[PDB]
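Input: a single structure, listed below in structure tokens.
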Amino acid sequence: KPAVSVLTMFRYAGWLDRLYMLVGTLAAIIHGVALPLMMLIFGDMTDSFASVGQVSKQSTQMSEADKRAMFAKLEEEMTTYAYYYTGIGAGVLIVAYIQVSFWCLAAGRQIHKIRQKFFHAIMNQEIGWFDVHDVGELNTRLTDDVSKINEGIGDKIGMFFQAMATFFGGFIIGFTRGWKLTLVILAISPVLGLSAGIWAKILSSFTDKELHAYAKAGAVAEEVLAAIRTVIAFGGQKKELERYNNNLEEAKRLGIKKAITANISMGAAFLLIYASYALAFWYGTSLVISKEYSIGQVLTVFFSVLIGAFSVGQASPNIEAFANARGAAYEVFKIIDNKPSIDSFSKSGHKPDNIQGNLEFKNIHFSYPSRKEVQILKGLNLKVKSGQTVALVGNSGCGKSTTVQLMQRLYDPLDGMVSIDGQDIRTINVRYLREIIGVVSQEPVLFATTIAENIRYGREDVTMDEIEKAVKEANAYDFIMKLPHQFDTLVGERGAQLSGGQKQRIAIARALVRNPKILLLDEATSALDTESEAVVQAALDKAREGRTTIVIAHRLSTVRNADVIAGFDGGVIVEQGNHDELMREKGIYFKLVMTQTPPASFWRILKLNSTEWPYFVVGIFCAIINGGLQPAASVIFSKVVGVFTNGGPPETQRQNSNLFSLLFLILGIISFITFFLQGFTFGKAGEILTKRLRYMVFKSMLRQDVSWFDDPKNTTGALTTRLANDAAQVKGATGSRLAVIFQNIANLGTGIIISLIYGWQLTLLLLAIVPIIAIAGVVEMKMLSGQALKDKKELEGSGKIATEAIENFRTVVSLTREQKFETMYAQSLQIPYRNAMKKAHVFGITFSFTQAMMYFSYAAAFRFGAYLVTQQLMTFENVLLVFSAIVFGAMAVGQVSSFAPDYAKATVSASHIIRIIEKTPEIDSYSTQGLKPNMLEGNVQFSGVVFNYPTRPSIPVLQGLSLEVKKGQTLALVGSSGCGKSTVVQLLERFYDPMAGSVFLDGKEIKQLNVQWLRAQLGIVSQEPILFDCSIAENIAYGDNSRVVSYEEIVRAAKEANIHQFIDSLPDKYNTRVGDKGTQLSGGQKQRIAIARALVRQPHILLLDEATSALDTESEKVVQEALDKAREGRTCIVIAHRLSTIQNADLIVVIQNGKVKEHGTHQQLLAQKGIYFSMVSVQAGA
Ligand SMILES: Brc1ccc(Oc2c(Br)cc(Br)cc2Br)c(Br)c1
């Protein structure tokens, strides 16, 4: 919404840049004017053949006489015109170079200036300016927005004035050579803009419907794939498939309805568009039979107007490119023009010599850019004498740290003054102020250069002698010399990550080369290892006694030798003096001392599409007809101008022109009929395999075991995304692109035959010319992508040192040396700048070449069409036909290159969708194999079970585990922590087979047992019961599948689970909808319902996995009251974390490190004293 003045945007254009744009926009207009003139001469050549075409047929008496005056007219005329086109092609060769080159030159020259000015402005901003913005957005603003500015001021402007030249020059020749047809062509323009407007309404409305249509099926898939361990547990894998299949049926029916309406839309759209043209051209014929215009002029105005009319649409993108470049330049120039109060690049203020270093703070009130929300200093008074070292202590707020911020004049105070020596700090130069102040901060930062270079960021003029003394005087010498490469080592976020105390001494040595008169040490010893602390602390004490120093730290070890100590309380200075005095004061300081002591040939996807042997053959056959039907309009247009250039006697002409125009409209309605079919046939054929694919995928997905859905590569969202994209992409490959690619090869094929059999030696010429300009048009775009990628590679090296500069900013400004990054960024941009200059000559040559190879090509189309061919017996009416036929047949092949990525994007999406079906699990629930035992009673053997989760085969959970529980008993299971309690339930449910050992139930190994039958006698109840969006009657009936459960049977379960209090209380009762879609209710109810569906199954084994996990107060007392009633009649395994409710259990088992450690009844394990009795006495007292 915000934008920029048009002159301010080019503020960096001066002298030559202003000329480049003037000469560029001049030749751009000349380039645009050239095309409607190119068509103007196309009318005069018709009149040349027309005068001869009328007189040649008018004879029917003399033949040799027509070999004289006729050919004489032709050679003087045709050579005059052919001489003119060759001049036009030489003209466009020059102006197209001038157009693109100069604008890209002015762009590159300015964008170099933008960059430098804009990075200059970033470094000039005071700190308070950064505290209110994000530096990451700013850096992306540096590389992206400057690119948008370059796109707007570039060669797009020349293309704009080129298009307006074609537009103006278009209707000028349109108006002057005839004012009627133009008003007639503009009269049909609202109809064309109205038919395309029906598309903006149908698309935007129907694209939402399908995104709502599958959103109903994708919603089913998401609550399933999220609740997968529950559907696997109860074996609803046939229902959840069935229910996803039922939504696919509706999405198919909505997809075929969209296919019907959208194809009616296209066909009716074109048929209105092509009828609009034909009426404007038929009523061009109605004006020639009346002797107002010539057959050549009708062509001249008919093309020049449509060229200029379409030139409007070809200029619209360049308008938006210029407008976005303006809007992008607002926030950029806003930074450049913004002037700070502090600068730090300003050459102003005093520069005192012989600085003794007497500092005082007077009545300083201050607040960080959070402003009126918080005021961190409520007045202040503090002096520090020259040579002394004051220490600042404080409990919180870190107002200690604020004084270091103010001393560097990072911010100015609200009220008060900070005074170095006697002068106010605001009188001294900002840069010289920071050169007389050395800073060592908590987190040391080192730039991505050598050790010497980081030390060289203290002062630019320095020799390895002074680096050596600095690191040796900050005892960091002995510790780099052992490190290889000497001073020439590397440091940064990338490579040679060092010790913190090691990085701090390099910072101290960096601050030591600064030979400052003032020293600020903030938290430097804090957040650092204890032993290297003393090593750095020796350097700090050696960094002083030649300087006055303010130090802030939470280490009360460094503070004793400070000449004076100062404490803060609420921004107010309170205590000050020597250590002994503050201890006698017994205040804040004393109080803190005591406290701290694969693209491949995939045919099978089409073999699955072979389910419909018809529907393609209908569409293919119907597409090839539409392909062969499409040049016939060019054949008609050829003969409409042909027989009426080849007229002769004029009485018969008016009667044939009506016959052809009638044929055209019968030929368009039969084109509507054949294109309503080819779209419907593939549309239906695509929507039906969309179901088959999504059906078979969602079927195969429910087939893998829990080992596959635990994969971090496979989550619920990534699976629904993989489910939706892969099915829609393969639909597009077999969809419109294939009908169109066969329509177009039939378009050119039926066009090449007519042209080849109409023009001898002629078609063979064009087939030598057209492929060259097409390949020359492709090699340009490859060179375009190469130059684009290369410039991206070498400007990110500039933005990389700009990234280091701006998000490490508060350190560099503390070290000054902004001019250093200022220059480094300039040297980095000098390569893309001198590269951007070559870009202009490259784009200019390539563009001018492809334009000349088009004009020169069409000079050879006529010079050969006339002369050698027309001195022979071949005719003009066919030359016009071969042009339209070949040129449209080629431009229809241009759609093949546009649909190319739709194939690769689908094959890659197909690549995954064939793999996802064929992948088979280790534990397949679909296998009908298995024993299906007949005996009822239930035991459970775990014997020497060692288990590791397939996702994390590092720390074992089960190793040598052994259990046994009799029928009708409750097996309590206690653990120190982890899923060692829960993995038992997962292995009995056979979510996994164990690595070693085995688990049995009725004496039979479950590994050889039926997987589905096994899970059918299991009453799993988890800690967060997931309930699908449906009637609670079904959420309860979900516990028994392969059969519909009675109402009074799901009532009995609701009676058991003690949930029946709601189930009558609701207005809907058992038919209420739950799932946070129709109704919401708390967890205790969700849980009871899970108990209800658990014992609908009438299991012989309950599995209670921390059922009272998320639950509170009386809700625990009633759910336990339901669980305690559910067991005791069944085999039970309960791992609930309430050991008070576990006391009444037939056998309690303590799990240690995967091994069974301690088992027995409650009082038996309570008589023993160990883990269980520690587990029961850790929560009874707490
Ligand atoms: Br119908 C018909 C279509 C294209 C024809 O030649 C061209 C060609 Br070839 C290129 C361009 Br741009 C414009 C025209 Br008009 C002719 Br002549 C007749």
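Here, residue 1 is simply the first one shown, and the rest follow in order.
Just so you know, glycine gets a Cβ as well, placed from its N, Cα and C.
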Per Swiss-Prot, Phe118 shares membrane side with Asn878: no
Close approaches to the topological domain 'Extracellular' (863-878) from elsewhere in its chain (Cβ under 8 angstroms; 6 or more beyond its ends): 46, 49, 53, 71, 74-75, 78, 82, 638-639, 641-643, 645-646, 758-762, 765
Neighbours of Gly394, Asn395, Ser396, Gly397, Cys398, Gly399, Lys400, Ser401 excl. site residues, C-beta within 8 Å of centre, ATP 1: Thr402, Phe568
Nonlocal residues around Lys400 (ATP 1 binding site), in sequence order (Cβ under 8 Å, 6 or more apart): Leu392, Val393, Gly394, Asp522, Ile552, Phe568
Coarse DSSP state, helix versus strand versus coil, of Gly394 (ATP 1 binding site): strand
Recorded stretches the transmembrane segment (662-682) and the transmembrane segment (298-319) touching, at least 3 CB pairs under 8 Å: no
Same-chain residues near the transmembrane segment (298-319), Cβ under 8 Å, at least 6 residues beyond its ends: 32, 35-36, 39-40, 42-43, 46, 156-157, 159-160, 163-164, 166-171, 173-174, 177-178, 181-182, 185, 189, 280-281, 284-285, 287-288, 641
Same-chain residues at least 6 beyond the ends of the transmembrane segment (738-758) whose Cβ lies under 8 Å from its Cβ atoms: 619-620, 623-628, 630-631, 634-635, 678-679, 682, 764, 766, 878, 881-882, 885-886, 888-890, 892-893, 895-896, 899
Three-state secondary structure, which DSSP defines for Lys400 (ATP 1 binding site): helix
DSSP residue counts for the topological domain 'Cytoplasmic' (105-153), split into helix, strand and coil: 43 helix, 0 strand, 6 coil
Chain residues outside the topological domain 'Extracellular' (176-182) and at least six past its termini with a C-beta under 8 angstroms from it: 40, 43, 280, 283-284, 287, 293, 297-298, 300-302, 304-305
Interface-richest range of 183-203, 262-283, 879-900 toward the transmembrane segment (760-779), CB pairs under 8 Å: 879-900
Secondary structure content of the topological domain 'Cytoplasmic' (683-737), with strand meaning DSSP E or B: 43 helix, 0 strand, 12 coil
